[PDB]
Amino acid sequence: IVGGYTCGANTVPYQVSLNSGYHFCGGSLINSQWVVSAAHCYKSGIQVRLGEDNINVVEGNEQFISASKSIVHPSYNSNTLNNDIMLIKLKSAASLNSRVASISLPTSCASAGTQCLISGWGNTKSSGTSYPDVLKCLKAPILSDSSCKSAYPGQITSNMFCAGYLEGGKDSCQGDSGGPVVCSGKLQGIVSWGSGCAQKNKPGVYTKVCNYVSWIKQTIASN
Ligand SMILES: [Ca+2]
């Protein structure tokens, strides 16, 4: 996250770190046994890390659980990033408490102008690289579909939304992918793609979770 603030340890209890020997993407806990992330974050041998603040120090609230199965959306297109969503089932159920909790799925799609919270351990500079050890947060509004399409002509589908600031300076960045966009207590987006980070007229692009509720519930119910 560029231009954000330090969340504070365990203040975003549904935030997960996906680890394959190092942190590579964020995720969101949706129930005690399932995580939602970005399909572009798919790999085999994922370890889900819950209750993290500093990803380099065992502080005492972590739960490390291996994934038992991963399911990329049936229509994921890696060239266009359309349907950039995946489900990961944990080998065992996480223990839920104040610091490890699930985020609720939306019953309605959020509108342009709604303020949301975006979080992750990604790069913090738009120029060069500096990866934080502790969870970073950014409050950003959902942009109008019109704004979004004008920033990225021919690339936004109905399963994507833009969030951020057209003036630049504040955005998600590398390593934030798969992380949550929460608006009014519901998971509305997944950090998916962008052009650079925090550049003027190039806000981050997010997977629109409200379009996938049916797929998520059906999938959880049978696996
Ligand atoms: Ca830790």
# chains A, B, ... in the order shown; residues from 1 in each chain; ligands from 1

call {"tool": "residues_around", "arguments": {"residues": "residue 144 in chain A", "least_positions_apart": "4", "cutoff": "9 Å", "atoms": "only C-alpha atoms", "output": "list in words"}}
result
residues 111, 112, 113, 148, 149, 161, 162 and 163 of chain A

call {"tool": "residues_around", "arguments": {"residues": "residue 51 in chain A", "least_positions_apart": "6", "cutoff": "8 Å", "atoms": "only C-alpha atoms", "output": "list in words"}}
result
residues 10, 13, 15, 16, 61, 62, 63, 99 and 100 of chain A

call {"tool": "closest_atom_pairs", "arguments": {"of": "chain A", "to": "ligand 1", "cutoff": "12 Å", "atoms": "only C-alpha atoms and all ligand atoms", "output": "JSON lines"}}
result
{"residue": "A:9", "atom": "CA", "partner": "ligand 1", "partner_atom_place_in_ligand_line": "1 (Ca)", "distance": 9.5}
{"residue": "A:10", "atom": "CA", "partner": "ligand 1", "partner_atom_place_in_ligand_line": "1 (Ca)", "distance": 10.3}
{"residue": "A:16", "atom": "CA", "partner": "ligand 1", "partner_atom_place_in_ligand_line": "1 (Ca)", "distance": 11.1}
{"residue": "A:17", "atom": "CA", "partner": "ligand 1", "partner_atom_place_in_ligand_line": "1 (Ca)", "distance": 10.0}
{"residue": "A:23", "atom": "CA", "partner": "ligand 1", "partner_atom_place_in_ligand_line": "1 (Ca)", "distance": 11.3}
{"residue": "A:49", "atom": "CA", "partner": "ligand 1", "partner_atom_place_in_ligand_line": "1 (Ca)", "distance": 8.6}
{"residue": "A:50", "atom": "CA", "partner": "ligand 1", "partner_atom_place_in_ligand_line": "1 (Ca)", "distance": 8.9}
{"residue": "A:51", "atom": "CA", "partner": "ligand 1", "partner_atom_place_in_ligand_line": "1 (Ca)", "distance": 7.5}
{"residue": "A:52", "atom": "CA", "partner": "ligand 1", "partner_atom_place_in_ligand_line": "1 (Ca)", "distance": 4.7}
{"residue": "A:53", "atom": "CA", "partner": "ligand 1", "partner_atom_place_in_ligand_line": "1 (Ca)", "distance": 5.4}
{"residue": "A:54", "atom": "CA", "partner": "ligand 1", "partner_atom_place_in_ligand_line": "1 (Ca)", "distance": 4.3}
{"residue": "A:55", "atom": "CA", "partner": "ligand 1", "partner_atom_place_in_ligand_line": "1 (Ca)", "distance": 4.3}
{"residue": "A:56", "atom": "CA", "partner": "ligand 1", "partner_atom_place_in_ligand_line": "1 (Ca)", "distance": 5.6}
{"residue": "A:57", "atom": "CA", "partner": "ligand 1", "partner_atom_place_in_ligand_line": "1 (Ca)", "distance": 4.3}
{"residue": "A:58", "atom": "CA", "partner": "ligand 1", "partner_atom_place_in_ligand_line": "1 (Ca)", "distance": 4.0}
{"residue": "A:59", "atom": "CA", "partner": "ligand 1", "partner_atom_place_in_ligand_line": "1 (Ca)", "distance": 5.0}
{"residue": "A:60", "atom": "CA", "partner": "ligand 1", "partner_atom_place_in_ligand_line": "1 (Ca)", "distance": 7.3}
{"residue": "A:61", "atom": "CA", "partner": "ligand 1", "partner_atom_place_in_ligand_line": "1 (Ca)", "distance": 7.5}
{"residue": "A:62", "atom": "CA", "partner": "ligand 1", "partner_atom_place_in_ligand_line": "1 (Ca)", "distance": 6.2}
{"residue": "A:63", "atom": "CA", "partner": "ligand 1", "partner_atom_place_in_ligand_line": "1 (Ca)", "distance": 9.4}
{"residue": "A:64", "atom": "CA", "partner": "ligand 1", "partner_atom_place_in_ligand_line": "1 (Ca)", "distance": 10.1}
{"residue": "A:121", "atom": "CA", "partner": "ligand 1", "partner_atom_place_in_ligand_line": "1 (Ca)", "distance": 11.9}
{"residue": "A:133", "atom": "CA", "partner": "ligand 1", "partner_atom_place_in_ligand_line": "1 (Ca)", "distance": 8.7}
{"residue": "A:134", "atom": "CA", "partner": "ligand 1", "partner_atom_place_in_ligand_line": "1 (Ca)", "distance": 8.4}
{"residue": "A:135", "atom": "CA", "partner": "ligand 1", "partner_atom_place_in_ligand_line": "1 (Ca)", "distance": 10.2}

call {"tool": "closest_residue", "arguments": {"among": "A:132, A:26, A:106, A:74", "to": "residue 190 in chain A", "atoms": "only C-alpha atoms"}}
result
A:26

call {"tool": "closest_residue", "arguments": {"among": "A:184, A:71, A:82, A:147", "to": "residue 211 in chain A", "atoms": "only C-alpha atoms"}}
result
A:82

call {"tool": "residues_around", "arguments": {"residues": "residue 209 in chain A", "least_positions_apart": "2", "cutoff": "8 Å", "atoms": "only C-alpha atoms", "output": "JSON list (two decimals) with C-alpha atoms, in the first residue's frame"}}
result
[["chain", "number", "residue", "atom", "x", "y", "z"],
["A", 105, "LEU", "CA", -19.85, -11.48, 2.03],
["A", 106, "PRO", "CA", -22.04, -8.69, 0.58],
["A", 109, "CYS", "CA", -22.89, -4.32, -4.57],
["A", 159, "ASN", "CA", -16.49, -7.83, -12.74],
["A", 187, "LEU", "CA", -15.97, -7.73, 1.56],
["A", 188, "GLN", "CA", -16.62, -5.76, -1.68],
["A", 189, "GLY", "CA", -13.32, -6.21, -3.53],
["A", 190, "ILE", "CA", -10.09, -8.16, -4.00],
["A", 207, "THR", "CA", -12.41, -7.79, -8.46],
["A", 211, "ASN", "CA", -20.89, -10.75, -8.63],
["A", 212, "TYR", "CA", -19.45, -13.97, -7.16],
["A", 213, "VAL", "CA", -21.55, -14.61, -4.04]]

call {"tool": "closest_residue", "arguments": {"among": "A:130, A:114, A:146, A:70", "to": "residue 48 in chain A", "atoms": "only C-alpha atoms"}}
result
A:70

call {"tool": "closest_residue", "arguments": {"among": "A:177, A:126, A:80, A:222", "to": "residue 38 in chain A", "atoms": "only C-alpha atoms"}}
result
A:177

call {"tool": "closest_residue", "arguments": {"among": "A:33, A:140, A:197, A:219", "to": "residue 175 in chain A", "atoms": "only C-alpha atoms"}}
result
A:197

call {"tool": "residues_around", "arguments": {"residues": "residue 204 in chain A", "least_positions_apart": "3", "cutoff": "8 Å", "atoms": "only C-alpha atoms", "output": "PDB file with N, CA, C and O atoms, in the first residue's frame"}}
result
ATOM      1  N   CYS A 162     -12.867   0.305  -9.916  1.00  0.00           N
ATOM      2  CA  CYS A 162     -11.713   1.126  -9.600  1.00  0.00           C
ATOM      3  C   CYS A 162     -11.984   1.714  -8.217  1.00  0.00           C
ATOM      4  O   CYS A 162     -13.135   2.017  -7.907  1.00  0.00           O
ATOM      5  N   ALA A 163     -10.969   1.930  -7.427  1.00  0.00           N
ATOM      6  CA  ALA A 163     -11.013   2.545  -6.093  1.00  0.00           C
ATOM      7  C   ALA A 163      -9.690   3.290  -5.910  1.00  0.00           C
ATOM      8  O   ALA A 163      -8.629   2.779  -6.307  1.00  0.00           O
ATOM      9  N   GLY A 164      -9.777   4.453  -5.316  1.00  0.00           N
ATOM     10  CA  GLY A 164      -8.566   5.224  -5.131  1.00  0.00           C
ATOM     11  C   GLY A 164      -8.792   6.687  -5.429  1.00  0.00           C
ATOM     12  O   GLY A 164      -9.867   7.226  -5.197  1.00  0.00           O
ATOM     13  N   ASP A 171      -2.521   4.187  -3.124  1.00  0.00           N
ATOM     14  CA  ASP A 171      -2.969   3.020  -3.914  1.00  0.00           C
ATOM     15  C   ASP A 171      -2.465   1.696  -3.321  1.00  0.00           C
ATOM     16  O   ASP A 171      -1.610   1.728  -2.433  1.00  0.00           O
ATOM     17  N   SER A 172      -2.975   0.635  -3.864  1.00  0.00           N
ATOM     18  CA  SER A 172      -2.441  -0.690  -3.490  1.00  0.00           C
ATOM     19  C   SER A 172      -1.205  -0.853  -4.370  1.00  0.00           C
ATOM     20  O   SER A 172      -0.970  -0.121  -5.370  1.00  0.00           O
ATOM     21  N   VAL A 191      -7.955  -7.091  -4.173  1.00  0.00           N
ATOM     22  CA  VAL A 191      -6.853  -6.354  -4.855  1.00  0.00           C
ATOM     23  C   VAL A 191      -6.447  -7.197  -6.039  1.00  0.00           C
ATOM     24  O   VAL A 191      -5.998  -8.351  -5.922  1.00  0.00           O
ATOM     25  N   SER A 192      -6.584  -6.626  -7.226  1.00  0.00           N
ATOM     26  CA  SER A 192      -6.294  -7.329  -8.489  1.00  0.00           C
ATOM     27  C   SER A 192      -5.250  -6.772  -9.392  1.00  0.00           C
ATOM     28  O   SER A 192      -4.287  -7.497  -9.649  1.00  0.00           O
ATOM     29  N   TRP A 193      -5.318  -5.604  -9.953  1.00  0.00           N
ATOM     30  CA  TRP A 193      -4.316  -5.060 -10.851  1.00  0.00           C
ATOM     31  C   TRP A 193      -4.253  -3.554 -10.917  1.00  0.00           C
ATOM     32  O   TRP A 193      -5.073  -2.932 -10.284  1.00  0.00           O
ATOM     33  N   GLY A 194      -3.278  -3.039 -11.700  1.00  0.00           N
ATOM     34  CA  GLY A 194      -3.256  -1.531 -11.769  1.00  0.00           C
ATOM     35  C   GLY A 194      -2.171  -1.245 -12.795  1.00  0.00           C
ATOM     36  O   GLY A 194      -1.759  -2.228 -13.407  1.00  0.00           O
ATOM     37  N   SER A 195      -1.763  -0.012 -12.908  1.00  0.00           N
ATOM     38  CA  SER A 195      -0.692   0.355 -13.868  1.00  0.00           C
ATOM     39  C   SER A 195       0.363   0.983 -12.986  1.00  0.00           C
ATOM     40  O   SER A 195       0.068   2.154 -12.674  1.00  0.00           O
ATOM     41  N   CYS A 197       1.918   2.016  -9.436  1.00  0.00           N
ATOM     42  CA  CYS A 197       1.227   2.255  -8.166  1.00  0.00           C
ATOM     43  C   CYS A 197       1.244   3.760  -7.928  1.00  0.00           C
ATOM     44  O   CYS A 197       2.255   4.408  -8.025  1.00  0.00           O
TER      45      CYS A 197
END
